[PDB]
file target.cif (mmCIF, C-alpha atoms; chains and numbers go by the auth columns)
data_work
loop_
_atom_site.group_PDB
_atom_site.id
_atom_site.type_symbol
_atom_site.label_atom_id
_atom_site.label_comp_id
_atom_site.label_asym_id
_atom_site.label_seq_id
_atom_site.Cartn_x
_atom_site.Cartn_y
_atom_site.Cartn_z
_atom_site.B_iso_or_equiv
_atom_site.auth_seq_id
_atom_site.auth_asym_id
ATOM 1 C CA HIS A 1 -62.261 -209.335 12.846 0.00 5 A
ATOM 2 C CA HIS A 2 -65.608 -207.500 12.762 0.00 6 A
ATOM 3 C CA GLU A 3 -63.791 -204.261 11.948 0.00 7 A
ATOM 4 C CA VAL A 4 -65.759 -201.162 10.998 0.00 8 A
ATOM 5 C CA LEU A 5 -65.165 -197.924 9.110 0.00 9 A
ATOM 6 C CA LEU A 6 -66.337 -194.558 10.437 0.00 10 A
ATOM 7 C CA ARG A 7 -67.423 -192.433 7.504 0.00 11 A
ATOM 8 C CA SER A 8 -68.641 -188.827 7.368 0.00 12 A
ATOM 9 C CA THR A 9 -72.181 -188.772 6.003 0.00 13 A
ATOM 10 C CA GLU A 10 -71.498 -185.220 4.807 0.00 14 A
ATOM 11 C CA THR A 11 -68.444 -185.760 2.609 0.00 15 A
ATOM 12 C CA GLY A 12 -67.729 -189.499 2.641 0.00 16 A
ATOM 13 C CA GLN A 13 -64.360 -188.906 4.316 0.00 17 A
ATOM 14 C CA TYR A 14 -63.153 -191.707 6.628 0.00 18 A
ATOM 15 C CA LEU A 15 -61.838 -191.077 10.134 0.00 19 A
ATOM 16 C CA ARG A 16 -58.175 -192.059 10.287 0.00 20 A
ATOM 17 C CA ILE A 17 -55.824 -192.535 13.220 0.00 21 A
ATOM 18 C CA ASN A 18 -52.244 -192.216 11.978 0.00 22 A
ATOM 19 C CA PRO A 19 -49.275 -194.096 13.479 0.00 23 A
ATOM 20 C CA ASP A 20 -48.142 -190.809 15.064 0.00 24 A
ATOM 21 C CA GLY A 21 -51.420 -190.543 16.999 0.00 25 A
ATOM 22 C CA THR A 22 -52.776 -187.718 14.885 0.00 26 A
ATOM 23 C CA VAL A 23 -56.322 -188.035 13.639 0.00 27 A
ATOM 24 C CA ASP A 24 -57.737 -186.712 10.384 0.00 28 A
ATOM 25 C CA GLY A 25 -60.124 -187.464 7.533 0.00 29 A
ATOM 26 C CA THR A 26 -59.273 -189.098 4.228 0.00 30 A
ATOM 27 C CA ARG A 27 -61.115 -190.318 1.118 0.00 31 A
ATOM 28 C CA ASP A 28 -58.454 -193.027 0.767 0.00 32 A
ATOM 29 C CA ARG A 29 -60.442 -196.215 1.439 0.00 33 A
ATOM 30 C CA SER A 30 -57.139 -198.150 1.137 0.00 34 A
ATOM 31 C CA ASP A 31 -55.491 -196.430 4.113 0.00 35 A
ATOM 32 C CA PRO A 32 -54.873 -198.995 6.901 0.00 36 A
ATOM 33 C CA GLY A 33 -55.634 -196.451 9.640 0.00 37 A
ATOM 34 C CA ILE A 34 -59.368 -196.251 8.903 0.00 38 A
ATOM 35 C CA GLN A 35 -60.372 -199.640 10.351 0.00 39 A
ATOM 36 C CA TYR A 36 -61.690 -199.811 13.889 0.00 40 A
ATOM 37 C CA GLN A 37 -62.913 -202.316 16.409 0.00 41 A
ATOM 38 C CA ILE A 38 -65.801 -201.274 18.599 0.00 42 A
ATOM 39 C CA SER A 39 -64.802 -202.131 22.179 0.00 43 A
ATOM 40 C CA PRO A 40 -67.802 -202.654 24.437 0.00 44 A
ATOM 41 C CA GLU A 41 -67.375 -201.028 27.852 0.00 45 A
ATOM 42 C CA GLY A 42 -70.877 -201.751 29.116 0.00 46 A
ATOM 43 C CA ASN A 43 -73.489 -199.299 30.363 0.00 47 A
ATOM 44 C CA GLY A 44 -73.881 -198.038 26.776 0.00 48 A
ATOM 45 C CA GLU A 45 -70.228 -196.991 26.396 0.00 49 A
ATOM 46 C CA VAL A 46 -67.714 -198.097 23.755 0.00 50 A
ATOM 47 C CA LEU A 47 -64.091 -197.438 22.860 0.00 51 A
ATOM 48 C CA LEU A 48 -63.120 -197.006 19.216 0.00 52 A
ATOM 49 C CA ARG A 49 -59.821 -198.776 18.639 0.00 53 A
ATOM 50 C CA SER A 50 -57.804 -198.343 15.445 0.00 54 A
ATOM 51 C CA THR A 51 -56.793 -201.876 14.368 0.00 55 A
ATOM 52 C CA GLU A 52 -53.538 -201.004 12.593 0.00 56 A
ATOM 53 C CA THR A 53 -51.880 -199.285 15.578 0.00 57 A
ATOM 54 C CA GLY A 54 -54.070 -200.209 18.551 0.00 58 A
ATOM 55 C CA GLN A 55 -54.904 -196.625 19.445 0.00 59 A
ATOM 56 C CA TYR A 56 -58.179 -195.346 20.854 0.00 60 A
ATOM 57 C CA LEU A 57 -59.942 -192.271 19.469 0.00 61 A
ATOM 58 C CA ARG A 58 -59.776 -189.560 22.123 0.00 62 A
ATOM 59 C CA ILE A 59 -61.608 -186.236 22.342 0.00 63 A
ATOM 60 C CA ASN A 60 -59.619 -183.996 24.679 0.00 64 A
ATOM 61 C CA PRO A 61 -61.260 -181.395 26.952 0.00 65 A
ATOM 62 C CA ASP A 62 -59.714 -178.610 24.843 0.00 66 A
ATOM 63 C CA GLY A 63 -61.611 -179.894 21.792 0.00 67 A
ATOM 64 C CA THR A 64 -58.614 -181.499 20.072 0.00 68 A
ATOM 65 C CA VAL A 65 -58.820 -185.072 18.807 0.00 69 A
ATOM 66 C CA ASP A 66 -55.981 -187.574 18.796 0.00 70 A
ATOM 67 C CA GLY A 67 -55.172 -191.224 19.493 0.00 71 A
ATOM 68 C CA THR A 68 -54.003 -192.882 22.698 0.00 72 A
ATOM 69 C CA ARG A 69 -52.751 -196.381 23.575 0.00 73 A
ATOM 70 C CA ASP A 70 -54.064 -196.348 27.110 0.00 74 A
ATOM 71 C CA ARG A 71 -57.623 -197.542 27.708 0.00 75 A
ATOM 72 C CA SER A 72 -57.825 -195.879 31.128 0.00 76 A
ATOM 73 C CA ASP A 73 -56.955 -192.518 29.565 0.00 77 A
ATOM 74 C CA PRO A 74 -60.289 -190.699 29.760 0.00 78 A
ATOM 75 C CA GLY A 75 -61.942 -189.066 26.760 0.00 79 A
ATOM 76 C CA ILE A 76 -62.050 -192.389 24.894 0.00 80 A
ATOM 77 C CA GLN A 77 -65.534 -193.522 25.928 0.00 81 A
ATOM 78 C CA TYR A 78 -68.315 -192.931 23.407 0.00 82 A
ATOM 79 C CA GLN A 79 -72.051 -193.275 23.097 0.00 83 A
ATOM 80 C CA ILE A 80 -72.962 -194.376 19.569 0.00 84 A
ATOM 81 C CA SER A 81 -76.287 -192.651 19.115 0.00 85 A
ATOM 82 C CA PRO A 82 -78.394 -193.703 16.106 0.00 86 A
ATOM 83 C CA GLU A 83 -80.150 -190.784 14.407 0.00 87 A
ATOM 84 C CA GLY A 84 -82.124 -192.930 12.023 0.00 88 A
ATOM 85 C CA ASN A 85 -81.539 -194.655 8.689 0.00 89 A
ATOM 86 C CA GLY A 86 -78.126 -195.918 9.704 0.00 90 A
ATOM 87 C CA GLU A 87 -76.591 -192.553 10.547 0.00 91 A
ATOM 88 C CA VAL A 88 -75.085 -192.024 14.026 0.00 92 A
ATOM 89 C CA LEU A 89 -73.497 -189.434 16.278 0.00 93 A
ATOM 90 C CA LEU A 90 -70.347 -190.287 18.234 0.00 94 A
ATOM 91 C CA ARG A 91 -70.576 -188.546 21.599 0.00 95 A
ATOM 92 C CA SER A 92 -67.571 -188.572 23.952 0.00 96 A
ATOM 93 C CA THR A 93 -68.859 -189.279 27.462 0.00 97 A
ATOM 94 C CA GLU A 94 -66.214 -187.372 29.476 0.00 98 A
ATOM 95 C CA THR A 95 -67.188 -183.946 28.144 0.00 99 A
ATOM 96 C CA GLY A 96 -70.291 -184.580 26.048 0.00 100 A
ATOM 97 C CA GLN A 97 -68.483 -183.309 22.939 0.00 101 A
ATOM 98 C CA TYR A 98 -69.395 -184.860 19.586 0.00 102 A
ATOM 99 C CA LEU A 99 -66.690 -186.115 17.266 0.00 103 A
ATOM 100 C CA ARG A 100 -66.590 -183.775 14.268 0.00 104 A
ATOM 101 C CA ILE A 101 -64.952 -184.386 10.916 0.00 105 A
ATOM 102 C CA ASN A 102 -64.779 -181.124 8.974 0.00 106 A
ATOM 103 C CA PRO A 103 -65.006 -180.765 5.189 0.00 107 A
ATOM 104 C CA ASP A 104 -61.267 -179.962 5.020 0.00 108 A
ATOM 105 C CA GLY A 105 -60.377 -183.284 6.657 0.00 109 A
ATOM 106 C CA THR A 106 -59.568 -181.837 10.063 0.00 110 A
ATOM 107 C CA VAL A 107 -61.088 -183.572 13.074 0.00 111 A
ATOM 108 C CA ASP A 108 -62.082 -182.004 16.391 0.00 112 A
ATOM 109 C CA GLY A 109 -64.801 -181.859 19.044 0.00 113 A
ATOM 110 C CA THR A 110 -67.983 -179.813 19.126 0.00 114 A
ATOM 111 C CA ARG A 111 -71.221 -179.375 21.068 0.00 115 A
ATOM 112 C CA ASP A 112 -73.047 -178.028 18.009 0.00 116 A
ATOM 113 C CA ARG A 113 -75.666 -180.727 17.498 0.00 117 A
ATOM 114 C CA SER A 114 -76.476 -179.111 14.128 0.00 118 A
ATOM 115 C CA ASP A 115 -72.976 -179.391 12.669 0.00 119 A
ATOM 116 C CA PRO A 116 -73.037 -181.522 9.475 0.00 120 A
ATOM 117 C CA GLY A 117 -69.647 -182.965 10.443 0.00 121 A
ATOM 118 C CA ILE A 118 -70.892 -184.964 13.445 0.00 122 A
ATOM 119 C CA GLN A 119 -72.964 -187.500 11.456 0.00 123 A
ATOM 120 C CA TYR A 120 -71.421 -190.895 10.594 0.00 124 A
ATOM 121 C CA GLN A 121 -72.111 -194.132 8.836 0.00 125 A
ATOM 122 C CA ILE A 122 -70.578 -197.158 10.523 0.00 126 A
ATOM 123 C CA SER A 123 -69.957 -199.910 7.983 0.00 127 A
ATOM 124 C CA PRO A 124 -68.271 -203.399 8.260 0.00 128 A
ATOM 125 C CA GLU A 125 -64.973 -203.676 6.670 0.00 129 A
#
call {"tool": "encode", "arguments": {"input": "target.cif", "output": "structure tokens"}}
result
Amino acid sequence: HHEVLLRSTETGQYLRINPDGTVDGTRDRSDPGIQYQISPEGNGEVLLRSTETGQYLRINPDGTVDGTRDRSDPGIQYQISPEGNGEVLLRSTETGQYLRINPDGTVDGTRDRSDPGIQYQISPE
């Protein structure tokens, strides 16, 4: 299905959207909530849709991260920005916040371009 995994370059943790719409990080490569489809929006924007539950990764204005079913719900548009050597940043267009996965497996938004938790590998399933 051309699914991809979104993996922290820092810790190797995978971004997971859970059936309850919560989002966190896990090392469990077998978890069904870590597969995504990149949804082209055009103009350099994409949505990141969890395949198991059809939810889009959302970064909320308050800096919290969760999932949503509704593609018009803002906060779900991203710019995938290559850094080099196959590492990328995932920048939410609405607010300009980067998607951050922290070493403890919590996931939130940040503007700190230097934070080690905003770098990802995107790999084919």
call {"tool": "residues_around", "arguments": {"input": "target.cif", "residues": "range 8-18 of chain A", "least_positions_apart": "3", "cutoff": "9 Å", "atoms": "all atoms listed in the file", "output": "JSON, numbers by chain"}}
result
{"A": [28, 29, 30, 31, 32, 33, 38, 39, 40, 41, 42, 91, 104, 105, 106, 107, 109, 120, 121, 122, 123, 124, 125, 126, 127, 128, 129]}
call {"tool": "residues_around", "arguments": {"input": "target.cif", "residues": "range 51-68 of chain A", "least_positions_apart": "2", "cutoff": "8 Å", "atoms": "all atoms listed in the file", "output": "ChimeraX atom specification"}}
result
/A:7,21-23,25,36-45,49,70-75,78-82,96,99,101,103,111-114
call {"tool": "atom_distance", "arguments": {"input": "target.cif", "atom1": "CA of residue 110 in chain A", "atom2": "CA of residue 24 in chain A"}}
result
15.4 Å
call {"tool": "atom_distance", "arguments": {"input": "target.cif", "atom1": "CA of residue 98 in chain A", "atom2": "CA of residue 35 in chain A"}}
result
29.0 Å
call {"tool": "atom_distance", "arguments": {"input": "target.cif", "atom1": "CA of residue 89 in chain A", "atom2": "CA of residue 118 in chain A"}}
result
17.2 Å
call {"tool": "resolve_selection", "arguments": {"input": "target.cif", "expression": "the PyMOL selection byres ((chain A and resi 93) around 7)", "output": "list in words"}}
result
residues 84, 85, 86, 92, 94, 95, 102, 122, 123 and 124 of chain A
call {"tool": "axis_aligned_box", "arguments": {"input": "target.cif", "around": "range 60-66 of chain A", "padding_each_side": "8 Å", "output": "AutoDock Vina command-line options"}}
result
--center_x -59.9 --center_y -187.0 --center_z 23.2 --size_x 19.4 --size_y 32.7 --size_z 23.5
